[PDB]
């Protein structure tokens, strides 16, 4: 398929950027280029998820994200992703309510329970712990033999990081990757064969975490996420559904995003070897490289809202009940705000000014944890490797939400 030809040729009204097939072949940029130029607040009438608004420009996306009283995230209105099966009991899905899918006032009550995980002193302890654990993984990677970087680096380090945050048994940490993966999938997408199989694996997740929760309730408070839920007065009446929904948020939130950033790091070093060379020669560039990895990869391609009011936005009449989608993958390529945004630039000015963590009351809680783990990985790459070679076909995730990789064949050079 030639996405450039279609995007030039078809009527504006027939553009649907939501198809997971487009993400699998990273074919979105010709469509987004046309929408940002010709119709930046665009109504799509025909899609699998019903009709929706696409918000494609940087400034416009900030406006939606920061107006939570007009543009709702609440689970009672359908929650915060475009595909209604991921978090609602519809068409084979199950109900997964959580504080990212809550509007105020309840949102703030739940966020405050887990916000100590990024207290300053915990970030310092976390950084010291991660450093040694990361060193140990990287020092066993072969030189001059092909391996899947997603398997040996992205998953290996990400599941070690999330296990540290949950104090999850280290020997079972592969379960965290499995549970994360099935939350954002559908039957036939290559992970589960049925909705029922998905439901079974999530009940197994619930049973495992319930055992851990009961253990944490009976020991002193510790700086781990399950401990924080287990000792919180305001969390004592979670229904089974709310508990499972909250676990889903913490498992996917810390897993899929960081994994995708680690996979993008390898792609960046191969496609832009001179930028890797720069930071290797000058380690002060880590400050600008890490936010740029996250902007360039954009691990979460969109977040979705539902309008609670009729509202005229940039000249367009949004109606109460309409789906509104913030395309972070488009916004992070808006050259009104970001110069030469298709390329990876180790040394970019105002490198923290990107959309990948959102803006407003739902801005990513764990952004400092991700950035510290990515810093430590780049420190180690810089010390151990002359270059990172992608030597076979990359295989991408079929999702309009998770913007990441299944397979990146690499060879390391020293």
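Positions refer to the first chain, counted from 1.
> Tell me which stretch has the larger mean Cα B-factor in this entry, 229 to 237 or 116 to 124.
The stretch with the larger mean CA B-factor is 229 to 237.
> Do the C-alpha atoms of 179 to 187 or of 95 to 103 have the higher average B factor in the entry?
On average, C-alpha B-factors are higher across 179 to 187.
> Reading the B-factor column of the entry, which of 270, 305, 314, 110 has the highest value at its C-alpha atom?
270 has the highest C-alpha B-factor of those listed.
> Which one of 344, 149, 71, 209 shows the top CA temperature factor in the record?
Checking the PDB record, the top C-alpha B-factor among 344, 149, 71, 209 is at 344.
> Would you mind checking where the Cα B-factor of residue 323 ranks among the modelled residues of its chain, as the lowest, middle or highest third?
Ranked within chain, residue 323 CA B lands in the lowest tercile.
> Among the modelled residues of this chain, does the Cα B factor of residue 259 put it in the lowest, middle or highest third?
Its C-alpha B-factor, which the entry lists for residue 259, ranks in the lowest third among residues of this chain.
> Among the modelled residues of this chain, does the Cα B factor of residue 55 put it in the lowest, middle or highest third?
Residue 55: CA B-factor falls in the lowest third of its chain.
> Going by what the PDB entry lists, where does residue 63 fall on CA B-factor within its chain: lowest, middle or highest third?
It belongs to the lowest third of the chain when residues are ordered by C-alpha B-factor.
> Could you say whether, by C-alpha temperature factor, residue 27 belongs to the lowest, middle or highest third of its chain?
Tercile = middle for this residue's CA B-factor.
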